[PDB]
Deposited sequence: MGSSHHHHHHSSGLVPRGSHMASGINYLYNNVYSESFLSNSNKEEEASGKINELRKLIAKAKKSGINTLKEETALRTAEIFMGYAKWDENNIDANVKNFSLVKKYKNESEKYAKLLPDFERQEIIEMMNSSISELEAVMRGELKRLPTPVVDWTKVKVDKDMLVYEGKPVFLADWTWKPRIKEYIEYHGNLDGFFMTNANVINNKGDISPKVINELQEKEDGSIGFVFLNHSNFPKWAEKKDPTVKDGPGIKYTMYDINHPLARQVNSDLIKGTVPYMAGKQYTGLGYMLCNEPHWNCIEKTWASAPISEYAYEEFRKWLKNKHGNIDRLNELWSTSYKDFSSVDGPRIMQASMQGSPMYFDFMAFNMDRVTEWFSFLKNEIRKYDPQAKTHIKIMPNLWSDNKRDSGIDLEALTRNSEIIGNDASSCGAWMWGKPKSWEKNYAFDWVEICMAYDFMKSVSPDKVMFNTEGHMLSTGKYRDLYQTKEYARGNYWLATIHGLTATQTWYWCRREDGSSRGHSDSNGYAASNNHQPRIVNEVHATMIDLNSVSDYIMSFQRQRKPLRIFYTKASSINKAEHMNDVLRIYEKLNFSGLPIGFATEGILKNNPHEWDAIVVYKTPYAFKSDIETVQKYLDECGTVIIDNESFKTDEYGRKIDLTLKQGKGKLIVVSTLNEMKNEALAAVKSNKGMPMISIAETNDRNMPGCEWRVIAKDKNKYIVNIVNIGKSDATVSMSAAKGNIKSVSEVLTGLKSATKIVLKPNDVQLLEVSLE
């Protein structure tokens, strides 16, 4: 397969030179050719280092039993993937050269010239979308086609003394570092300097395991972070390598439920901050004593446990602890951002937030996705998707869906509800592999569908996990059967960016489209309930396959964002802040529509019967009993404001449920752009009609080929169609 692969590579290389002569933009095929050239060397390394790959595959649970076989077959698997990729590239380009496929213009992005503008990354006055790879060697061979993301890494360990002196190695790097390509600054928090630990060992208490291994409420922690930022950021300020911002922490969390993963008790400094937060929350100690059933003489005497028990969920002390943990974490990230802004007043910050700390049920992490998203100039995350785990009972998505769609659809939709006008930067993309998922045979169709779908929901740039391959093909649980062994996956991410760039105005219209239904979200219900996000997902899923972007409402969204929706839905939200209800009342008072079930808005965050109830007044207050009723009323509210899509879609499949998420935008008077992704785990047939009038024609935007009003999508398939009406 070595000789055969080299043959196809040489064939594509000559076809590229010929197409170029005709003025064809061969970026896509050059990207594939470069991928092939790189992975031929990786396959040669694999062929010469079988023993190293046996070890690599043994560390992977589903490839452990057959490790010797897998290490033997890997080199020819990689060459066979290159042969498939060259056959696809040669077929496509020969069709393009013969006028049989229409190739849209697409930019050759110079990353030294990309700028952030509102919710876009701009090259030569147009929106673009960026992909690079974690730990990829920054060499010419790898930055020509596979991304040119720059940046700078630092750690509080680079503060070498109490005086605030910075490691000379770090000063030397920053003095020499060129302006460079668009990049981000990575703040490390796992490595706190030993001199500080020796000076006051309490500085290690109440960590946010494992990525913040010191006390965010300790004064020596604040001195050290202030000293790091003061001594480094003046060298970075305004530089192109800071353009995608300052990443304030890797996967932060301060889990505080005893016997749970990455949990620890909070420090004594943190508990003193808790007494201050309780004084602000409750006003007088008598109000705390009534709720906690305690007899403290004042706020300084509060002296409850420094870690919570799962059995306490629903109690006032538990609520207070989790609410405080969120607020002090938000304040910590505010402190880091305000220190950076002193030395770089243009700094954009973000946080590598795990979206499942909002999309799953747990609220003990101190991660307030709304507050951290609002507080960030760039929407940071490391959203995961991927397929079935290598072990365990099926996840709930496996009944209906090809992959875990919940973070890149529902969490993205929450983040964009909070902040619609920001770039979104996935700083460790987990849409190809995780610790739990791996498949050597992962399809280019899966890879394209995922990056495409995530981009429809707001994703602007991705540093994908991960390019652990060194230039020689050696390695710097995660490695075997990751992208480091998959030539067609590495190539398809960049091919997807090329297509998204080619239609980036359409893509920004899909990202920005009116979200006319907002699901009400409150921390009052998520903190007190074991399974609030099961309920929020159930109503999201119920609404999300009707052609409409589905978004979220909170108190903060209603107070800070234009009310560009037709209705709020309130589902299984029995706990609410009084201020939630008051804010939803003000929306009814502006003639808003609220659709509420029988179970919602019954108590405050302490389970006390609520003094206040929603009154219809000038708006529309609709009480419903079922999910079906709630959906029927929601879509009626959109129809009443003429907000339904201009193209109607029906889906049939062998399941009980839709999987095709679809969207429609206007291209002009009688032409529409239809976006469809099959998130379902089996083939779906979509059937399209005009809402008014009659479909004249359907074509593929990317190919110019004629399509039909009835289409089969395989799982992970993407359709982008131009629909003309008569």
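Several segments of the deposited sequence are absent from the coordinates, namely 1-42, 519-523.
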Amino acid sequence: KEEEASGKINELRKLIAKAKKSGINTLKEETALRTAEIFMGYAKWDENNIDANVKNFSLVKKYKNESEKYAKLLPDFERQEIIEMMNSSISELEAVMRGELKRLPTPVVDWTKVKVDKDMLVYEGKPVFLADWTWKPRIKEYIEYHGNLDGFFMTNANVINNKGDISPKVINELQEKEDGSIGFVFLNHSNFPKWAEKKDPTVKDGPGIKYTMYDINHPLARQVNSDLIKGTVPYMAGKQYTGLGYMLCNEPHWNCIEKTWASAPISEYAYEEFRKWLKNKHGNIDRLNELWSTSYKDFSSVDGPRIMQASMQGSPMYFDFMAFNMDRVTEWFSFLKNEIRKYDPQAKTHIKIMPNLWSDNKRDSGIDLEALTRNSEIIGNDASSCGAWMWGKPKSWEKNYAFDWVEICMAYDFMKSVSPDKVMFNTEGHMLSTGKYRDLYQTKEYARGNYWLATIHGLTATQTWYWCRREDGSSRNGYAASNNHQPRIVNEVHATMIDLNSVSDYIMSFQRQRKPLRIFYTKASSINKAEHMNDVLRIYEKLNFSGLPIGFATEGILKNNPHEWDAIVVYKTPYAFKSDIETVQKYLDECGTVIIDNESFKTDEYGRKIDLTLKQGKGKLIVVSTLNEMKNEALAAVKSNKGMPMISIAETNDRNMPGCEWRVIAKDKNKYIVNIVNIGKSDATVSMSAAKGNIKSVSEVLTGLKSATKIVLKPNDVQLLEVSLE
From here on, numbers count along this sequence of modelled residues.
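As listed in the deposited structure, the average C-alpha B-factor of 37-45 and of 65-73 is greater for 65-73. Relative to one another, 213-221 and 604-612 have unequal mean CA B-factors, and 604-612 is the one with the higher figure. Of the candidates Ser625, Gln313, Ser365, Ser226, the deposited coordinates give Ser625 the top C-alpha B factor. Within the group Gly551, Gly238, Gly380, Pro127, the record's highest C-alpha temperature factor is found at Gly238.
Ranked within its chain, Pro252 lands in the lowest third, by CA B factor from the PDB record. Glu700: CA B factor in the lowest third of modelled residues in this chain (values from the PDB entry). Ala480: CA B factor lies in the highest third for its chain, per the PDB record.
Sorting the modelled residues of the chain by their CA temperature factor places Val686 in the middle third. Annotation for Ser263: CA B-factor lies in the highest third of the chain's modelled residues.
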